[PDB]
Amino acid sequence: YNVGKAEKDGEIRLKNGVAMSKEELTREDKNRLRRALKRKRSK
Amino acid sequence: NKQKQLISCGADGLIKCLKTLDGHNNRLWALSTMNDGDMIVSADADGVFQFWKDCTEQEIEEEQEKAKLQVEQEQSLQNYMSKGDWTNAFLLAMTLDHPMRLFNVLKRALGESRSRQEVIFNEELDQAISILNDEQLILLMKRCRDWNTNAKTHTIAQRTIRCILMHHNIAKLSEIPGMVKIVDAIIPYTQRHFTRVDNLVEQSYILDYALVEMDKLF
Amino acid sequence: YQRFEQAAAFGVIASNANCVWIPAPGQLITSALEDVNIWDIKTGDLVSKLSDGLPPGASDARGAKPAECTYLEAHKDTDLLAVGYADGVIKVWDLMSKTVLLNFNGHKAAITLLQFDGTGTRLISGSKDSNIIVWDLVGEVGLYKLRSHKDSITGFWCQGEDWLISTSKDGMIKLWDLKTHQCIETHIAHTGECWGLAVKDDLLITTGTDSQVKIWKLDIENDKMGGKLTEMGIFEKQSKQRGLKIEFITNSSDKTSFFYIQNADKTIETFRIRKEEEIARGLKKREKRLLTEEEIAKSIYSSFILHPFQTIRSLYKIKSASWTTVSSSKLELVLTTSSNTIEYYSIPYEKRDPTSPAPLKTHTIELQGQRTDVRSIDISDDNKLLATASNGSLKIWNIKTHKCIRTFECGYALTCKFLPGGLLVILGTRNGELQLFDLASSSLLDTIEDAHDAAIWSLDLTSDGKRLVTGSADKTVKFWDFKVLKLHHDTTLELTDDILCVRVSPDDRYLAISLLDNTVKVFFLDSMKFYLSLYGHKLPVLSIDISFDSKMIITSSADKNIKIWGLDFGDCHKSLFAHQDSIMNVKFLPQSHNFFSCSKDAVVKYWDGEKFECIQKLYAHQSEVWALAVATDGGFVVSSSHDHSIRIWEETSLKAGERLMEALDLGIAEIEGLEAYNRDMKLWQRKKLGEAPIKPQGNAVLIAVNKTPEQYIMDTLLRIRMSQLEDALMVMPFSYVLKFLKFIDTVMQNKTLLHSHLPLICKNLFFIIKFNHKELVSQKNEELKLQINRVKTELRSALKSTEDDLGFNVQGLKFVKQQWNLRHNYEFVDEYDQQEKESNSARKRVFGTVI
RNA sequence: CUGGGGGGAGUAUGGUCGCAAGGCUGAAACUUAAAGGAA
């Protein structure tokens, strides 16, 4: 078993293990996680 | 009432498309919708009837009442994260399914449990984790599974697994459908963490060797 | 170069903002665009136009639109005006000397409310972006930033230091503890937006999208989580649109309270709230017919405690309001509407009857405006100015005073001109009508009904003025002469297409007409000869201009570019792309080949016709610039726009290892300082209490970052990286190793941050003593010997404590899996079928190998 | 229902007669809009 992505859609699950919920993330971390996902797509 | 319309006998009345209704067991020659504006809709099979309710505005009030509930008891979890009292914070973050806040309530309750002084959290928190049902404990072990894959966040996961194991019934935990693909996933992580902490405590005895050299010094 | 600048701006009285009222009825501070103007309601003369000290158009004016004023707010007693603008900045002025005292940028979008609090020295500000910031005025500092809303702050209400309560452009109302600056209680007020908020101390009132006005009971001394602010019932209004300002008063002389809800459209609903005596003596009357049903009726309160009142209407759409009161028969309410006009109404009320079928305005300040956008501007020789509107408000302003001295009523009028002697105005309207006015006498010399079959679009005089040209959307142009002061239609040229601009040359030579069919045609006036056809603009084509030498024409259009044409052969010269929306008008200078073009994107632009540069990019308007007019001689140019404005333009580094070493030295210095303080306390409590040490004050950086020294050292030990950790621990000498051992010895007494950093403490400590083992076992001190023993016991106890539950969980989880297996795995006794079953049911993973 | 050049398979062409390339379109007298293409 390895930590993939979330089986929901209001959730963000990093491969670290730290599952974050989109309703609980503030807008700063929403923008930051969106840019980080853009980096991991762009590579 | 202007433009959407009811049709019959797929096995069911269907409105215009959306909202396949309950229907019947067999076929149908029936629609009477013609009370006041568009009130009670009688729809009849060979024998069985339905008297369909009213203007469909009842659901929206119920639909608009949940969002208000969820945004109310989202601003109780932030107050609990502020002022402590981690038990209702725990069960309410379990109800909202907020995972990193769940990790925060378990981690800071565990840290203060290490601070002060059979029981591994405060006793009201581990009875609150004792009284939770199958869906909540299976999602709790889904995310104990994915917390256990770290070497940092593994201790919180191991102690939550420990209190589940010593506060629930083991046959119940086996019979919950889904909890044999989780425990197979995070037995070998516990095995490698056991080997790592055992290696760490076996290389911990250079302190004892340094003490016996420092005693042979004089 | 002799550049341009802005002399004065006018034409606006009330713009896209609120209004504050000051007592002497009284005066009124309101917004013009980007500057605030004060007016006395009594007469209405402009007694102040407080503006920025820099003229827009100067050398240091920056290359964007100026910040439109969006919220006025006034501190009455200490005489301040806090005004806030469209970019987010807040300027606080003293109204005595009219200078800027405070600049308070802070925000990121436009701001929506201000409020002074504790009457002086504190200002709270809410903005389009969902933040709400508290500012001190004795420190010039944003104190706090309350940050949990989602869309845009629509209102708030604060009391001093403890409770604020805001409501925003999502559906949410929030209550803020201003000691911790964390939001305490959040509700969904209305299902769409939430536009209103007012409160007289017991009851709170909010409104949302459509007529549903909600009463709330805030109980400030509550202790439950949900229940500091509860909802007590809804009611209805007569307007189905956005009620967007609610405000309360307590009239004296008995004690009574009134609140208004202004609406989007045209209407302010006023309400009297009643008093507790008629609450008590009205409860029984709806409690008649005598109790579950009666309790449901008594619960279903709003119409009970609130009483509607005289619903004040207006002619136009309502933008802001505020009132004053005496006697409860002088509810005197000032009101700024959208089409620029303020109105001072006042409703009387004899404490039972409102004494009128409809309220009465006592004043109206509307003379210096237009109520619509000025579709055509014009100028005299140099003295007067002509503004043409849609309601009919032709106005003849003057340049030297900026006051309309003469005004008439025409209709939807889109183009106009003067007459060459002055004191006479020709004009054409949207429908088939033309009109003539003057300056000394009354309005109408004559109108010509059926001047054209359809919408007129552009007219032009000849340079002597006796003969004018009218081109209209009935696909015709017509010529008119002046017979003696009346209009003589004599000839008419019908085209195939809707002519929408005309012009003659300034020397009676050419007639250039711009058709809807993407082209212009140049005719000879003396023959109707069809000299030229200029083509290739690619959208319908607006204003033309002919140069003073009658050699060079300009051609503007909705293609966002103006074309320069040489009129001798009809050959193009440039096609320069300006103005990213649409160039509405373009005009030469008097004597030069320089020209101006004003456009539909709130900018006028100064060009030359020789190098075809842009000389200047003037940036004072806020919205679509509909017209501009140049002086006949001298060359100052006026421009008039959609924001009801008319404005003049005239001429002028350690690393890891040493970071850990300095952190270790200050941390262990603080630690043994406190331990010496504790030994002093025990000795001066176990001996003759006559003396002790005075005080060890804690470290500057430790109280600055709010950390115990174990936490400070622990996070810098965290912040070094794993690649240079074995170097950071190898650089430090043995004295720092000994105080590192003191740090570890102290940190495994606080068992909270021992267990959260166990493998880091183990890795660092074991590398440290493994590297320094030769010197450590040669140190002779029983203090360090007891130290090593204590660290050994506590560290190994923590490690065996975590692997105890690790081993417990291994055996328990494999018991759970194994009892599930022996409950319902399968039935094979034969070993070959068993092993093939397990091979088919195993976990597979596919790997990329190399052969 | 009479009228006929000269073998088959190829190859070359500084001759004669043709057909054919360019290069973002709009878009030139205009370094110019919208939109489209391409990458």
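Figured I'd write up the structure that's included with this text. The numbering scheme restarts from 1 for each chain and tracks the written sequence of that chain rather than necessarily the entry's numbering. Residues without coordinates are not displayed. Whichever chain is written first is A, and whichever ligand is written first is 1; the rest continue in order. Although these chains sit within a larger assembly, the values stated refer solely to the portion shown. Side-chain metrics rest on all non-hydrogen atoms present in the structure, leaving aside hydrogens and water. Residues with missing side-chain atoms are left out of burial classes, side-chain pairs and their counts.

### Here we look at the overall build of chain B
Counting secondary structure elements, chain B contains 10 helices and five strands. Two things to know: the radius of gyration comes from C-alpha atoms, and the globule rule equals 2.2 Å times the number of residues to the power 0.38. Its C-alpha atoms give chain B a radius of gyration of 29 Å, more than 25% over the compact-globule value 17 Å for 218 residues. Principal-axis analysis of the C-alpha atoms places the extent of chain B at approximately 105 × 40 × 30 Å. In chain B, which comprises 218 residues, the share counted as buried stands at 46%. Total accessible area computed for chain B in this model is approximately 12,100 Å², and 52% of it derives from carbon and sulfur atoms. Counted as positive: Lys and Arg. Counted as negative: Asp and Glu. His and the chain ends are not counted at all. Charged groups are reduced to one reference atom each: NZ for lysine, CZ for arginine, CG for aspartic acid, CD for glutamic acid. Taking the average place of the 25 positive charges on the side chains of chain B and the average place of its 32 negative ones, the gap between the two points comes to 7 Å. The numbering of helices and of strands both runs from the N terminus, where a helix is a DSSP run of H or I of at least 4 residues and a strand a run of E of at least 2. Think of it in three bands: residues with accessible area under 20% of the maximum for their type are buried, residues over 50% are exposed, and the middle band is partly exposed, with areas taken using a 1.4 Å probe on protein chains only. All accessible areas in this document rest on Shrake-Rupley with a 1.4 Å probe, and a residue is counted as covered only by the protein chains that are shown.

### Let's talk about the packing of helix 3 (residues 86–96) of chain B against helix 4 (residues 99–115) of chain B
All names here are of chain B. Working convention: axes come from line fits to C-alpha atoms, limited for helices to the stretch in contact. Angles between N-to-C directions cover 0 to 180 degrees. For the pair helix 3 and helix 4, interaxial distance at closest approach is 9 Å and the crossing angle is 155°. In this view, helix 3 runs roughly antiparallel relative to helix 4, as classed from their interaxial angle. Helix 3 and helix 4 meet at a crossing whose hand is left-handed. Seen from helix 3, the contacting residues are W86, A89, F90, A93 and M94; seen from helix 4, they are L102, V105, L106, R108, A109 and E112. Among the residues making up the contact of helix 3 with helix 4, the classes are represented as nine nonpolar, no polar and two charged. The cut-offs work like this: below 35 degrees is roughly parallel, past 145 is roughly antiparallel, 65 to 115 is roughly perpendicular, and the gaps in between are oblique. Handedness of each helix crossing follows the sense of rotation of the near helix against the far helix: counterclockwise by less than a right angle gives left-handed, clockwise gives right-handed. Contacts were defined at the residue level, with two residues in contact if any of their heavy atoms lie within 4.5 Å. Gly falls in the polar group here, along with every residue not listed as nonpolar (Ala, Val, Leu, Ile, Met, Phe, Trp, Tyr, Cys, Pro) or charged (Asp, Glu, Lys, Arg).

### A closer look at the sheet that holds strand 41 (residues 476–483) of chain C
Residues and elements named next belong to chain C. Strand pairing follows a simple DSSP-based rule, namely that at least 2 bridges must link the two strands. Judged by pairing direction, the sheet is antiparallel, and its four strands sit side by side in the order 39-40-41-42 without closing on themselves. This sheet does not close on itself; its edge strands, each paired only once, are strand 39 (456–461) and strand 42 (486–494). Strand-to-strand twist of the sheet, defined as the mean angle between neighbouring strand axes without regard to direction, takes the value 20°. Summarising the sheet, strand 39 and strand 40 (residues 467–472) pair through five bridges and their orientation is antiparallel. Pairing of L461 across the sheet is with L468, part of strand 40.

### Focus on the protein's contact with RNA strand D
All names here are of chain C. Inspection of the region around RNA strand D gives 15 residues, with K538, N561, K563, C572 and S575 positioned closest. Within the side chain of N561, a nitrogen or oxygen atom sits 2.4 Å from a sugar or linking oxygen of RNA strand D. One of the backbone nitrogen or oxygen atoms of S575 is found 2.9 Å away from a sugar or linking oxygen of RNA strand D. Elements with a minimum of two residues in the surface near RNA strand D: strand 49 (563–566) and strand 50 (571–574). It is strand 50 that contributes the most residues to the surface near RNA strand D, four residues altogether. Classifying every residue of the surface near RNA strand D gives four nonpolar, five polar and six charged. Proximity criterion: a residue is near a molecule or strand once any of its heavy atoms comes within 4 Å of it. Two N or O atoms form a polar contact when they lie within 3.5 Å of each other; inside protein one atom must be a possible hydrogen donor and the other a possible acceptor, and for residues adjacent in sequence the pair counts only when both atoms belong to side chains.

### A word on the pattern of salt bridges
A side chain with one charge can pair with a side chain of the opposite charge if their charged atoms come near. Any carboxyl oxygen of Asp or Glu within 4 Å of a side-chain nitrogen of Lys or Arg constitutes a salt bridge here. Tallied over the full model, the rule gives 30 salt bridges over all chains. Measuring nitrogen to oxygen at the nearest pair gives 2.9 Å for the salt bridge that ties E343 of chain C to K361 of chain C. Here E343 of chain C is found in strand 29 (residues 341–347), whereas its partner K361 of chain C is found in strand 30 (residues 360–365), with 18 residues between them in sequence. A relative accessible area of 34% means that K361 of chain C is categorised as partly exposed. In this structure, a network of salt bridges that share partners links the residues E7, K8 and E11 of chain A together with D97, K142 and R143 of chain B.

### Remarks on the interface of chain C and chain B
Each partner contributes residues to the interface: chain C has 53 residues there, and chain B has 50 residues. By definition, the buried area sums, over both parts, the 1.4 Å-probe accessible area that each loses when the two are put together. Across the interface of chain C and chain B, roughly 4,900 Å² is buried in total on both sides, 68% from carbon and sulfur atoms. When residues of chain C are sorted by the area they lose upon contact with chain B, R796, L806 and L813 of chain C head the list and together hold 13% of the total. Where chain C touches chain B, the interface holds two salt bridges. A salt bridge links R159 of chain B to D805 of chain C; its shortest N-O distance comes to 3.4 Å. There are eight residue pairs in polar contact connecting chain C and chain B. Every element with two or more residues in the side of chain C that touches chain B is listed here: strand 17 (182–188), helix 9 (751–755), helix 10 (758–771), helix 11 (773–776) and helix 12 (782–824) of chain C. In terms of residue count, the dominant contributor to the side of chain C that touches chain B is helix 12 of chain C (28 residues).

### Topic: the side chain of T324 of chain C
As for its placement among the helices and strands, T324 of chain C is situated in strand 27 (residues 318–324). The contacts of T324 of chain C, once residues within four sequence positions are left out, are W21, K330, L331 and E332 of chain C.

### A word on the nonpolar core
Buried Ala, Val, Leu, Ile, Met, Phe, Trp, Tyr and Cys residues form a nonpolar core when they are joined through side-chain atoms within 4.5 Å. In terms of nonpolar packing, the biggest core is built from 48 residues, with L664, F743, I744, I761, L765, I768 and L795 of chain C touching the most fellow members. Apart from residues lying up to four places away in sequence, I761 of chain C is in contact with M714, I744, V747, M748, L753, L754 and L795 of chain C. Among the nonpolar cores identified, the runner-up in size contains 42 residues, and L102, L137 and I156 of chain B together with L813 of chain C belong to it.

### Structural notes on the environment of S59 of chain C
Residues and elements named next belong to chain C. Along the polypeptide, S59 turns up in the loop between strand 5 (46–50) and strand 6 (69–75). Classification of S59 as exposed rests on a relative accessible area of 64%. Along the primary structure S59 and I165 are separated by 106 residues, whereas in three dimensions their C-alpha atoms are 44 Å apart. Here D60 takes part through its side chain, which lies 3.4 Å from a polar atom of the side chain of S59.

### Section: a nonpolar patch on the surface
Candidate patch residues must exceed 30% relative accessible area and have no salt bridge, after which like charges are joined if within 9 Å and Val, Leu, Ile, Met, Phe, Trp or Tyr side chains if within 5 Å. Taken together, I40, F49 and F51 of chain B make up a surface patch of nonpolar side chains, about 330 Å² in accessible area. Mapped onto the elements, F49 of chain B comes out in strand 5 (residues 49–52).

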